[PDB]
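Participant: Next up is a structure, given as structure tokens.
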Amino acid sequence: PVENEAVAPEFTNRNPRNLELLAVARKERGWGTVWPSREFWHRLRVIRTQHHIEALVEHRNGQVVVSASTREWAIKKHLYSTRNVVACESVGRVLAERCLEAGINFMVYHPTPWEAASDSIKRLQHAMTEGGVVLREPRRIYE
Amino acid sequence: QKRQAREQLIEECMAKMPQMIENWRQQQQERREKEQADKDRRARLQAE
Amino acid sequence: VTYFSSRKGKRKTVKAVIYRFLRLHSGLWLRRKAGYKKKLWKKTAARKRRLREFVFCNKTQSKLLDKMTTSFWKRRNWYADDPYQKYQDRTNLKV
Amino acid sequence: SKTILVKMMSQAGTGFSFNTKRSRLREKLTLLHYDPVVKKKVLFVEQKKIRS
Amino acid sequence: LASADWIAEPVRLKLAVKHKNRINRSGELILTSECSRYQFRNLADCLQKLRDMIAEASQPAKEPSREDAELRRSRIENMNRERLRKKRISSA
Amino acid sequence: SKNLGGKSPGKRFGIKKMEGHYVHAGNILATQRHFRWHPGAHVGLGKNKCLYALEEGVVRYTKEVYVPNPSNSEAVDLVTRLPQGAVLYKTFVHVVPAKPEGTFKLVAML
Amino acid sequence: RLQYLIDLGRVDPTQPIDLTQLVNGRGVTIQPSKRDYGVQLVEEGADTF
Amino acid sequence: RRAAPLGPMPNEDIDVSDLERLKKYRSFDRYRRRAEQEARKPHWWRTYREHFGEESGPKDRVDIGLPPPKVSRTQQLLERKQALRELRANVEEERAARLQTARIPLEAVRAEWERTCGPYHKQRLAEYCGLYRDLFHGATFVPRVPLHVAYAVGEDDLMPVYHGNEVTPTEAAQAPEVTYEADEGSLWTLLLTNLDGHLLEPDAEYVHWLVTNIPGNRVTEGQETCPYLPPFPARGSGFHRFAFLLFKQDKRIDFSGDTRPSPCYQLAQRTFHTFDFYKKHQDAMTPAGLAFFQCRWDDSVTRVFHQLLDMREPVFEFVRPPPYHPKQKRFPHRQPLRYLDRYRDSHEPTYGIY
RNA sequence: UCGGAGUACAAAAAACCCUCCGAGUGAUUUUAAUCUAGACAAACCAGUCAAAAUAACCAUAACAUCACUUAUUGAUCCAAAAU
Ligand SMILES: [Mg+2]
Ligand SMILES: [Mg+2]
Ligand SMILES: [Mg+2]
Ligand SMILES: [Mg+2]
Ligand SMILES: [Mg+2]
Ligand SMILES: [Mg+2]
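Residue numbers (PDB author numbering), protein chains in the order written: chain BS, 38 to 180; chain Bv, 112 to 159; chain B8, 94 to 188; chain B6, 13 to 64; chain Bu, 104 to 195; chain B0, 39 to 148; chain BP, 100 to 148; chain Bb, 27 to 380.
Right, here's the structure in full:
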């Protein structure tokens, strides 16, 4: 027959992002006792030191996917007083744009009760949502 | 006939269900407000 | 159990087993959970589901019921619209 | 302080009853329960007293 | 499908645009049944599927309603890729 | 006499599956009265503090750090009273999944 | 089973086949005292009938 | 029985006695920071990462790329401090920060990020997506030079291809435009590789557009070894990865073994191994640019399968493993009536002899 | 009759007319569903958990919560209920 018709019906997709994009990947259900819950594929982590503000998107193994930091010269030279609410909003906007470039659209954010009621991170979340990045990662198919 | 009567009664009782639940909620709110007002009046008369 | 009756000399059966049990043709016996109608307001929903659910009997109780029941109740039964007709037989028993 | 066992039926027209423990010195019982016949959040009111 | 003369032309076009996922490269629409062990019941299911397809392609009152749970992700990714698509520079 | 009611059967509170045991989803890994082993990856927590595997794989036991929920007032207070170098450690039970999620099989070559 | 009976000649399709004919051909056995009400038809071998 | 610990205990440093003179942290955030700092250390006991795949821990990655730009650190720091001081001297910026009404030039931010620290972020995301795990299997590089790839949807619609983006085959049907900064003294090679989609060989990948001997920026005037082929992913197995790799070369490389014909519609010839390709051209080529994107199945893939490739469209499906059931017992004890349904072959009544 | 501690020091079980605490319920609203893998425990009867999927509320949780939370409870048959 046609040489191109060979299929090998057991197809192997080596892309690690494949199952996460189809939302059939294995979420890390579990602990329940410790915090935060590690049932996700990507997680937003905001670190607010006394000088700089650093927003990470981390995979469940702990590596850094995309980060937006006030320590970076691009935001440092364009923004004054990198500790403000405006600094958090700018970091959130930059991170949302970088996530759109990276092709990631869903992530989880689990702030503390005193952190979710703050002004800087409320506007950070608002900027992240307005930038196209939506939280509440979709439910796993056949969880 | 029994099936139609059951369906008719179910529809009739469901047509007033929002009104009944709103009335119950308002009654409970009124009772709580009355108890709170009585306690506030007692505290105000006892503090003087 | 009357092993030898007085009138016909046959082997009688106890009516309690047939009243509160069901025998499948595969040899299994069917029974209800004890206490599924007593004090439902005091029990959890999962416990009530377990009480309402049917259960089987092991080898010892199955042999006891077989001894206590006559072979008439061990016959093959073809009822009309029988719910347990699908459970009458056994499949994929690798023993 | 003695409790009371009260049987409450649905207000959705369908016949659906369930039992609840209550305090004797309280008012008539009225709650929002779940009715599986209509599969809805239904107001349930007290009608009968079963056990003390 | 194109040689099926027992259905109207608009119905054939609607079938071709809707059920193009099961149309072979030769244009032969293919239906499959697997549920029952009896070929009689399998053909009954195939014919029922064909009847449903004919009805849904012939009824002009079809609003083409779609679900939301399985399509929210597609809508969000489409919007987010359109955000990047909004670049307007002439090329080629 | 004076001491009554002291008879009560043991509740069989213990560890069921050890490290290296191949289990399936729903298998109870361990049961306990107080929090002795905490669930980790792919291990649920029943309302009676029992631990059951959520995925099919190999059971492992690891010593890990303890970061409690901010809503749990007692644990939060203990954490704030901990000295500057102290970090709580606990023993967690994990299940390493062995079976892949699925395989891409050919259905029809259309 | 009906096909087996017909092709082994126990019952003949040329004549009308009744429960009497099935009993005579030993295709089925009916015990009226056991509340049996006759013979029902199933579709176990409808593919090769 | 007691055993000696195999190394230092976690909380053996601080003194138990005189706790009131030892400072405490009163912040759950401080404790969380300390706990996550400690959790990343290589402890001697069985930890979570060892059992859940830290990917062999430390790996000495072979670096195949251009040297980093040599920048005067002292003068760079002086200029950055001067720019920061000049920005701080302004009073309107302080007023905007206080009043919470301040904006950022995101375009300039993106340009500066690409210029200074974009290569590292792109490299780490390519790690995360496994580009180096399948292209060289042991080697990571830093995408020093930028690479802006863009598909044209029409007259006024341009779809960019960023690191990890999702571009449909309808958008990727035509050849894209590639832009990068380079002087008119160097030679470049662009290679579009499909990592996933090979039907037969799992350890092999496809080529879609290979152009070599690119003088400077001008990609059109460079000779194309393999003509452009629109992406063709499978309907079932979706989200394949397509990577544009840009290599800088020194000599004028000519090859007759990797040359592809003008039609090039044979998948047997369209079978590639970037490892062997870089082994063959290791002396001159050095990777400097990389841009990968995801691609799923759409209606345009059927046309590519039928008209161009002259094959039937293969359709896949994500099948799940069958549920596990224990060995069926002769007499199940306290099992539900549905216990027999878990081992039923089919939901069809079977009459053996009747 | 049931639960907790030591006896019974480290997986489980383990007795005495052995040494001590108790339980035969209260308070509040989040009134807490159906179905079904797989498991704990157990002579039997009983007791326990529970992934996925469905109905109603955030479109992100629902195990009712607290009192050392573990015990706060009783099998058939039969009577009253009326689904
Ligand atoms: Mg004891
Ligand atoms: Mg005992
Ligand atoms: Mg018979
Ligand atoms: Mg420096
Ligand atoms: Mg056991
Ligand atoms: Mg569930």
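C-beta atoms are modelled at their ideal positions from N, C-alpha and C, and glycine is treated no differently.
Mapping DSSP to helix, strand and coil, what is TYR99 (chain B0)?
Facilitator: As a working mapping, residue 99 (chain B0) is identified with position 61 in the sixth sequence. Correct three-state label for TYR99 (chain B0): strand.
Participant: Which whole runs of the alpha helix (DSSP H) in the stretch 122-157 of chain BS are 4 residues long or more, in chain order?
Facilitator: You should have 122-139 and 150-153.
Participant: Buried or exposed: which applies to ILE141 (chain BS), given that a residue is buried once 16 or more other Cβ atoms fall within 10 Å of its Cβ?
Facilitator: Within the first sequence, the letter at position 104 stands for residue 141 (chain BS). With 16 or more Cβ atoms within 10 Å of its Cβ, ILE141 (chain BS) is classed as buried.
Participant: Quick test of your reading: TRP122 (chain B8) and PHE149 (chain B8), contact by CB under 8 angstroms. State the CB separation rounded to the nearest angstrom.
Facilitator: The sequence position of residue 122 (chain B8) within the third sequence is 29, counting from 1. The sequence position of residue 149 (chain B8) within the third sequence is 56, counting from 1. The Cβ separation is near 7 angstroms, so the contact holds.
Participant: Give the DSSP-derived three-state secondary structure of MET131 (chain Bv) in the structure shown.
Facilitator: For this step, residue 131 (chain Bv) is matched to residue 20 along the second sequence. Helix.
Participant: Indicate, with yes or no, if ligand 3 has a heavy atom lying under 7 angstroms from the CB of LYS133 (chain BP).
Facilitator: Position 34 of the seventh sequence, counted from the start, is the residue given in the question as residue 133 (chain BP). Checking every heavy atom of ligand 3 against the Cβ of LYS133 (chain BP), one is found closer than 7 angstroms.
Participant: For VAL138 (chain BP), name the three-state secondary structure that DSSP assigns.
Facilitator: Position 39 of the seventh sequence, counted from the first residue, corresponds to residue 138 (chain BP). Coil at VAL138 (chain BP), not helix or strand.
Participant: Going along chain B0 in order, which residues have a C-beta closer than 9 angstroms to the C-beta of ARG125 (chain Bu)?
Facilitator: As a first step, residue 125 (chain Bu) must be located in the fifth sequence, where it is residue number 22. Those within 9 angstroms of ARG125 (chain Bu) in chain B0 are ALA146 and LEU148.
Participant: Can we count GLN162 (chain Bu) as close to ligand 3, meaning its CB is less than 7 angstroms from some heavy atom?
Facilitator: Numbered from 1 along the fifth sequence, position 59 holds the residue referred to as residue 162 (chain Bu). Checking every heavy atom of ligand 3 against the Cβ of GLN162 (chain Bu), none is found closer than 7 angstroms.
Participant: Quick one, are the C-beta atoms of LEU148 (chain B0) and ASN145 (chain Bu) less than 8 angstroms apart?
Facilitator: Counted from its first residue, the sixth sequence places residue 148 (chain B0) at position 110. Counted from its first residue, the fifth sequence places residue 145 (chain Bu) at position 42. No. Outside cutoff.
Participant: Can you check which of these residues, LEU213 (chain Bb), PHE258 (chain Bb) and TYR206 (chain Bb), is closest to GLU231 (chain Bb) by C-alpha distance?
Facilitator: Indexing the eighth sequence from 1 puts residue 231 (chain Bb) at position 205. Cα-wise, what sits closest to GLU231 (chain Bb) is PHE258 (chain Bb).
Participant: Just how far apart, CA to CA, sit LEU161 (chain Bb) and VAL233 (chain Bb)?
Facilitator: Counting from 1 along the eighth sequence, the entry for residue 161 (chain Bb) is found at position 135. Counting from 1 along the eighth sequence, the entry for residue 233 (chain Bb) is found at position 207. If you take the alpha carbons of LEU161 (chain Bb) and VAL233 (chain Bb), they lie about 12 angstroms apart.
Participant: Going by CA-CA distance only, name the one from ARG150 (chain Bb), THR238 (chain Bb) and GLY211 (chain Bb) that's closest to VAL168 (chain Bb).
Facilitator: Here residue 168 (chain Bb) refers to the residue found at position 142 of the eighth sequence. Checking every option, the nearest Cα to that of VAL168 (chain Bb) belongs to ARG150 (chain Bb).
Participant: Assign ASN185 (chain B8) to buried or exposed, taking buried as 16 or more other Cβ atoms, counted over all protein chains shown, within 10 Å of its Cβ.
Facilitator: To locate residue 185 (chain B8), count along the third sequence from 1; it is residue 92. When all chains shown are included, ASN185 (chain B8) counts as exposed.
Participant: I need the boundaries of the alpha helix (DSSP H) containing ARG360 (chain Bb), first residue and last residue.
Facilitator: In the eighth sequence, residue 360 (chain Bb) corresponds to position 334, counting from 1. No alpha helix (DSSP H) holds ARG360 (chain Bb); DSSP gives it neither H nor E.
Participant: So, under 8 angstroms CB-CB, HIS115 (chain BS) and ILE130 (chain Bb) are touching, yes? Tell me the CB distance rounded to an integer number of Å.
Facilitator: Along the first sequence, read from residue 1 onward, the residue named residue 115 (chain BS) stands at position 78. Along the eighth sequence, read from residue 1 onward, the residue named residue 130 (chain Bb) stands at position 104. About 5 angstroms separates the two Cβ atoms, so the contact holds.
Participant: Check whether chain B0 comes within 8 angstroms of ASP39 (chain Bb), counting only Cβ atoms and requiring the distance to be less than that.
Facilitator: By one-based count along the eighth sequence, residue 39 (chain Bb) stands at place 13. It does; some Cβ of chain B0 falls within 8 angstroms.
Participant: According to DSSP, which residues form a beta bridge with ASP47 (chain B6)?
Facilitator: In the fourth sequence, residue 47 (chain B6) corresponds to position 35, counting from 1. Paired residue(s): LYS52 (chain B6).
Participant: Going by the CB atoms, is the gap between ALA154 (chain BS) and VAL128 (chain BS) shorter than 8 angstroms?
Facilitator: Residue mapping note: residue 128 (chain BS) aligns to position 91 of the first sequence, counting from 1. Residue mapping note: residue 154 (chain BS) aligns to position 117 of the first sequence, counting from 1. No; because the gap between Cβ atoms is not below 8 angstroms, this pair is not in contact.
Participant: Measuring alpha carbon to alpha carbon, tell me which of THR42 (chain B6), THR15 (chain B6) and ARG36 (chain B6) ends up nearest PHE30 (chain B6).
Facilitator: On the fourth sequence, residue 30 (chain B6) is found 18 positions in, with the first residue counted as 1. Minimum Cα distance to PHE30 (chain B6) is reached at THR42 (chain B6).
Participant: Let me see if you follow: with CB-CB separation under 8 angstroms, is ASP146 (chain BP) close to chain Bu or not?
Facilitator: In the seventh sequence, counting from the first residue as 1, residue 146 (chain BP) sits at position 47. Yes, because at least one Cβ of chain Bu sits closer than 8 angstroms to the Cβ of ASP146 (chain BP).
Participant: Of all the residues that make up the stretch 90-106 of chain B0, which are near chain BS by a beta-carbon distance shorter than 8 angstroms?
Facilitator: So the list reads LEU92, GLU93, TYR104, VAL105 and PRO106, given in the order they occur along the chain.
Participant: For a cutoff of 8 angstroms on Cβ pairs, would you count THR184 (chain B8) as touching chain Bb?
Facilitator: Sequence index remark: in the third sequence, residue 184 (chain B8) carries index 91 (1-based). Closer than 8 angstroms to some Cβ of chain Bb, the Cβ of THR184 (chain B8) qualifies, so yes.
Participant: Which parts of the stretch 121-155 of chain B8 are runs of the alpha helix (DSSP H), unbroken and 4 residues or longer, counting only runs that do not cross its ends?
Facilitator: The stretch 121-155 of chain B8 contains these whole alpha helix (DSSP H) runs: 138-145.
Participant: Hey, is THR149 (chain BS)'s beta-carbon within less than 8 angstroms of any beta-carbon in chain Bb?
Facilitator: One-based indexing of the first sequence puts residue 149 (chain BS) at position 112. Yes - at least one Cβ of chain Bb is within 8 angstroms of the one on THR149 (chain BS).
Participant: Does the beta carbon of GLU137 (chain Bu) sit closer than 8 angstroms to a beta carbon anywhere in chain BS?
Facilitator: Counted from its first residue, the fifth sequence places residue 137 (chain Bu) at position 34. It does not: the Cβ of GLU137 (chain Bu) has no partner Cβ on chain BS nearer than 8 angstroms.
Participant: Using beta carbons (cut-off 8 angstroms, strictly below), is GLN59 (chain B6) in contact with chain Bv?
Facilitator: Here residue 59 (chain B6) refers to the residue found at position 47 of the fourth sequence. It does not: the Cβ of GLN59 (chain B6) has no partner Cβ on chain Bv nearer than 8 angstroms.
Participant: Please state whether DSSP places residue 231 (chain Bu) in a helix, a strand or coil.
Facilitator: No information on residue 231 (chain Bu) is available, as it lies outside the stretch 104 to 195 that chain Bu covers here.
Participant: Are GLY82 (chain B0) and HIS132 (chain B0) touching if we call contact CB-CB under 8 angstroms?
Facilitator: Position 44 of the sixth sequence, counting from 1, holds the residue named residue 82 (chain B0). Position 94 of the sixth sequence, counting from 1, holds the residue named residue 132 (chain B0). Contact: no.
Participant: Helix, strand or coil: which one does DSSP assign to residue 109 (chain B6)?
Facilitator: Any question about residue 109 (chain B6) goes unanswered here, given that chain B6 covers just 13 to 64.
Participant: From the DSSP output, read off the bridge partner residues of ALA176 (chain Bb).
Facilitator: The residue you call residue 176 (chain Bb) lines up with position 150 of the eighth sequence. Paired residues: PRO186 (chain Bb) and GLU203 (chain Bb).
Participant: Which residues in chain Bb have a C-beta closer than 7 angstroms to the C-beta of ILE179 (chain Bu)? List them in chain order.
Facilitator: Here residue 179 (chain Bu) is taken as the residue at index 76 of the fifth sequence, counted from 1. Those do not exist, as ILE179 (chain Bu) stays about 11 angstroms from chain Bb at its closest Cβ, beyond 7 angstroms.
Participant: How would you call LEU37 (chain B6), buried or exposed, if buried means at least 16 neighbouring beta carbons within 10 angstroms?
Facilitator: Residue 37 (chain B6) sits at position 25 when you count from the first residue of the fourth sequence. That one is exposed.
Participant: Whose Cβ in chain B0 lies nearer than 9 angstroms to the Cβ of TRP110 (chain BS)?
Facilitator: As a first step, residue 110 (chain BS) must be located in the first sequence, where it is residue number 73. By Cβ distance, chain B0 contributes nothing, its closest Cβ being about 33 angstroms from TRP110 (chain BS), past 9 angstroms.
Participant: Considering only the alpha carbon of each residue, which of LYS152 (chain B8), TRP171 (chain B8) and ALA173 (chain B8) lies closest to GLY120 (chain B8)?
Facilitator: Here residue 120 (chain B8) is taken as the residue at index 27 of the third sequence, counted from 1. Of the listed residues, the one whose Cα sits closest to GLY120 (chain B8) is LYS152 (chain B8).
Participant: Nearest to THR86 (chain BS) by alpha carbon, out of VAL44 (chain BS), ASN121 (chain BS) and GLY169 (chain BS)?
Facilitator: On the first sequence, residue 86 (chain BS) is found 49 positions in, with the first residue counted as 1. The candidate whose alpha carbon is nearest that of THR86 (chain BS) is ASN121 (chain BS).
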